[PDB]
Structure formats: structure tokens, C-alpha cells
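So this one's two forms of a single chain, laid out as C-alpha cells and tagged structure 1 and structure 2.
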Structure 1
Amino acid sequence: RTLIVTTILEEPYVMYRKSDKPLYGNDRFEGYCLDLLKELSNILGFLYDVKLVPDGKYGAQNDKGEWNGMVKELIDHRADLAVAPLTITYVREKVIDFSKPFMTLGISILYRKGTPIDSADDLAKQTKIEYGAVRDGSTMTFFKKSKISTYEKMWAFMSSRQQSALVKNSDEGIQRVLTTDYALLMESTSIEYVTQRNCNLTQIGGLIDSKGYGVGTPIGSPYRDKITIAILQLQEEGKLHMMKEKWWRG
């Protein structure tokens, strides 16, 4: 009767709740995706048990085509839903079902206020102002694998000089923006999170690519269509926006 929900630790979607006593159930966790799950459970009417994906991965294939991560938990029917910031992608959609996205995002520009810089093309066109992304992440990988001429050119500049314009992780990139003349190309959701906490920083321009986070279900799940309708209901009602404000607020 109780649905098993696979998720992953990722701020502010899923986090351990602060407490002294050790905790044991769903009370261990908080965040946007926990609130989303609660709202879904009260629209569709279900009990759930949250279980962190044991390998801590979203889901990718190895050289043999074997899956890992939350995707593999779904494939193997060890979870009924994946409620997490799980990106809807071609290779994943072939092996699991996704709801329509509860959040849409893309790459944007994190910079400083008070500049004539107001576009990504306003960077590919010049060299005075430098730019990078987090090493080995989704954004860097976008630029590295791109065949769009303008982003290839931007990858060429980011990876030049021993890739010095890249950074180890998001926390490191934020500090490099805070302490140096540096712009972090990164997901709009993270930029929004950061600007809420740093008033001289802002997002520049719109989204460079587009993607969505959806709820994953095993193929054939009866919950996929139900959850899509529920997400759309929550969106129409403004509740997705309220939840995002609660967890991104600064």
C-alpha cells in the first residue's frame, strides 16, 4: 500500500533536517521535493516511504548500457516514484516514464550589476570579459558537447589556458564570483538561489538551453498521467511558485 519513493540529497530539493536526536523515517528529510511529494500525496491519495538512492546517483549508463542511480531503482521496480530534480532526457525517457516537468530551467549567466553585458552573445563576441562553468557538470558538458557554433566558440575559450576558467563545484564557483572578477555559467535555478543571497549578483539574459525536472516512474506506471495532471494543478494554483519561494528565499 505504501509507495517507495527514491530521491537524492541535493540542496534545496532534498536535505537532512537539523536535529540532535537521530531520526528514522520521512521526518529525516525536508526540502522542495519533500513538499512536492506531500502535495502530490494529498491530491492523488497515497502513503509513501522516502528512500535515498543507495549509490547517490541520478542515473546514467555504463559502457555496457547498464543503468545506475534512481533510474535503475525504477527500472528494477525497487521504487515506485522518483521525486527529485531528475532531468528529463532522451536516453532516460526510453527506459522510464516521466511526468511533465514540475520545474523548468536552463543555463544562464551569473554576473554583476552595472555592466553593458546583457547576453551570452555579448560574450562570444569579445575577449576582455572572461567566463567559465563548474568543472565536469551539466553546464560544462553542454558547452563541451555542443555543435552550435556560438557555444563551441565559448567552449574553446572556457577550456583554453589549461581550463583555468572552470571550477571544482558550485560552492567554489560562487566564492570565485564573490572574490574575483568571474562569471559562472550555470543552471538558472542555482543562479536564482545565489542571487537571493547576494544582492550585487544578478542573472544576465535568459536561458541558453532548456530542460525540465520530472517525476520518474517505471514504464507503464499508472501514476505517470496522474502525477502530470497533479503538477499542472499545483502550477495553475500557484503552489509550485510558493514552494519554490519557500526553499529559494533569501
Structure 2
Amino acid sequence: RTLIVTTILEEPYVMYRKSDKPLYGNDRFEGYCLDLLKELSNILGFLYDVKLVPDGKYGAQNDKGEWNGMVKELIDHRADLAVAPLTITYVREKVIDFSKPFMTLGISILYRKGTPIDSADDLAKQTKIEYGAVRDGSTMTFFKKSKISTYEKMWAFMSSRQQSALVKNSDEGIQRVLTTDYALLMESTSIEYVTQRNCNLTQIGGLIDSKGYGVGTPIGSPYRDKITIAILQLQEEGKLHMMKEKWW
């Protein structure tokens, strides 16, 4: 049986291929996740239809506790797998089963080069330089729930003034960093990608936490473990590292 794979567009994980004529099916996409997906499909032996998540969201829960995006697709069994830079979080792992991480990363700071700023603490102590994150993303949630003083303070600032310091998506954040005096709290894997394509930007400090991206499956899914094992196999033989180098 063909597995339905729910995903979302995000450089360089899942992107529309470049072609002179209209593309159809899986042929529409390319990227690290499509490469990962075909590696997993060879190892486990399954066919799949990549399908973009209808609402274009990763998955968060509203005030009433209902989920949206890819997480929701898995919960309602509208998809068998979720392959994308879907951060393994406490709140998400309770409603869906994650495979072991296929990429590890952390929350860090994207800012422009040649400045005295060097840590999340430097930012927390002032207000001249504005800073924030993608609204409702795992990074924002981290700062929202943290009880570490420095992070509590930063959240106080990010959420103030109607969350004007937050951005809707990564691209809006990057442009905001390139144009104004703004710093973006962003996942390290994404910062590496960006700083490699824009010499004006750089990472500030190191990681302020350790996270991973995993393949999502519905709770009780028989593939969860098979995928985990395949990921470990791909990691141990250098394929994951090879794939990262290819797209980064």
C-alpha cells in the first residue's frame, strides 16, 4: 500500500523543482527530505505520495486544545508519515509518535556581522536591538514556557507590544534582520543554511538548547520503529551527513 506523506515547503528540506513545464506528483519536489524519504523507502520497501499539508502549518494547538497542520494530519490518520523539519517537542510527542531524530540542532541567534553582541544574554540586557522568533513555532514556545530568568526576560520583550517583535515566517525574519536592527532566534540548522548564502549574516553565540527533527507518525504506528532503525542505519553509514552537505 502507498503511504501518504504529509509535508510542508521549506528550504532546503522540501522545495518545488525547477522545470519549464508543469510538474506532477512527487516529481514536483526536491530537497533533503525527499532524499531522506527515498532512502527510507528503499530500506523499508514502500511506495509513497507526497502531499503538502492543506493548511500549510507544522502543528500547534489552539486554546481549546485542538491541533492543526501536519501534527493534525497524523492524528486524524490522513497521513502515515510526516517528513519535514518538524521539531521533536514535549507537547507534540504526546499526541504523535516520533522516530529517533535524523538531525540534531538547537535554538541560536541570527544577526548581522561585525557587532559587539555575542550571546542571548547580551540581547536580554538591552532594548535598542529588537529580537524575536517565528510566531507559534517551537522556538517561540520554548521562550514562552521557560522559567530561566534570561529567557523569561526575553519572552517578556518578545511578547510585549502585541508581539510586534515576532515574525510570521523565517523569510520575513531574515529580511527583517538584513534591513533593520533586528536579531532572529532561529534553529541552528536553518542559520547554517542562511549564513552560507548571505555573507552579511552570522550566528551569534552557540546553541541554547538541544533539539532534533524526526519523522512523524500517528500514535501506535507500526512504521515508527522501522523508520527509527532505518535512520540509525543511514546515520551510521554517513548518508545523513552526506545529504546534509549536498543541500547545505
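FYI, numbering is relative to structure 1, first residue = 1. Take the two forms, superpose them, and find the largest set of C-alpha atoms that agree within 1.5 Å; that set is the rigid core.
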{"query": "Selected hinge residue, from 208, 130, 150, 51, for two rigid parts turning between structure 1 and structure 2", "finding": "208"}
{"query": "Whole-degree rotation of one rigid part against the other between structure 1 and structure 2", "finding": "24"}
{"query": "Core-referenced Cα shift (Å), residue 126, between structure 1 and structure 2", "finding": "10.1"}
{"query": "Rigid-core-fitted C-alpha displacement of residue 31 between structure 1 and structure 2 (angstrom)", "finding": "0.1"}
{"query": "Per-residue Cα shift, residue 202, between structure 1 and structure 2 [Å; core superposed]", "finding": "5.7"}
